[PDB]
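A.B. asks: A single structure is presented below for examination.
All Cβ positions, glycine included, derive from the backbone under ideal geometry; neighbour counts span all protein chains shown. Derivation of every value follows stated rules applied to the coordinates shown; laboratory data play no part.
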Amino acid sequence: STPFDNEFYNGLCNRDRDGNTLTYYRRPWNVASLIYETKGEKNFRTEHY
Amino acid sequence: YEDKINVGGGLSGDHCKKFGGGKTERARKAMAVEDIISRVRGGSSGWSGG
């Protein structure tokens, strides 16, 4: 879990206007930045002898 | 031979050998490994991932 307080914020709300739907989130002052990079991939392999 | 005294004698030998040898060895080995990995930074969490 988190070893520190992650709810406190310093001053003017820093917007996090991104995501799948239309909703506005907040970024705490403890975190420098929180991007919403929705990457996705997979892998496969086959071995025979 | 006989001379009128007779002496008798007779011999006949026969030998035969039949030898045979055969060897067969067959080896067949096949190995194939194919790996396909695709990294896609498209921007879809579930649908893009699939």
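A.B. asks: Could you tell me, in Å, what Rg and Dmax come out for the Cα atoms of chain B?
C.D. replies: 43.9, 130
A.B. asks: Roughly how far apart, in whole Å, are the Cα centres of chain B and the stretch A:1-20?
C.D. replies: A separation of 75 Å, based on Cα centres.
A.B. asks: In addition: Take the Cα of B:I36, step 7 Å along the line toward its Cβ, and report every residue of the stretch A:31-49 whose backbone nitrogen sits under 16 Å from that point.
C.D. replies: Output list for this probe position: A:42-48.
A.B. asks: Let me ask something additional. So what are the ³J(HN,Hα) numbers for the stretch B:30-43, from phi and the Karplus equation (6.51, -1.76, 1.60; θ = phi - 60°), rounded to whole Hz, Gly and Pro as x?
C.D. replies: Karplus-based 3J(HN,Hα) across the stretch B:30-43 equals 9, 9, 9, 10, 10, 10, 10, 10, 10, 9, 10, 9, x, x Hz.
A.B. asks: Share of Cα-Cα pairs in chain A beyond 15 Å, in percent?
C.D. replies: Working: 737 of 1176 pairs.
Summing the P(r) tail past 15 Å for chain A gives 63 percent.
A.B. asks: Whose amide H sits under 5 Å from the amide H of A:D18, counting only residues 5 or more places off or on another chain, with H placed in the peptide plane?
C.D. replies: It is A:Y25, by chain and number.
A.B. asks: Hey, any idea what Rg/Rh is for the protein assembly as shown, computing Rh the Kirkwood way over Cα pairs?
C.D. replies: Numbers: Rg = 47.0 Å, Rh = 23.8 Å.
When Rh is taken as the Kirkwood radius, the ratio is 1.98.
A.B. asks: Still on this structure, I have one more. Estimate the FRET efficiency between B:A27 and A:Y49 by the formula 1/(1 + (r/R0)^6), using the beta-carbon distance for r and 22 Å for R0, to the nearest 0.05.
C.D. replies: Values: r = 15 Å, r/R0 = 0.66.
The value I calculate is 0.90.
A.B. asks: Let me ask something else. Given R₀ = 30 Å, FRET efficiency for A:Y9-A:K39 by Cβ-Cβ distance, to 0.05? Mind dumping the intermediate values first?
C.D. replies: Working: r = 28 Å, r/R0 = 0.92.
After rounding to 0.05, the efficiency reads 0.60.
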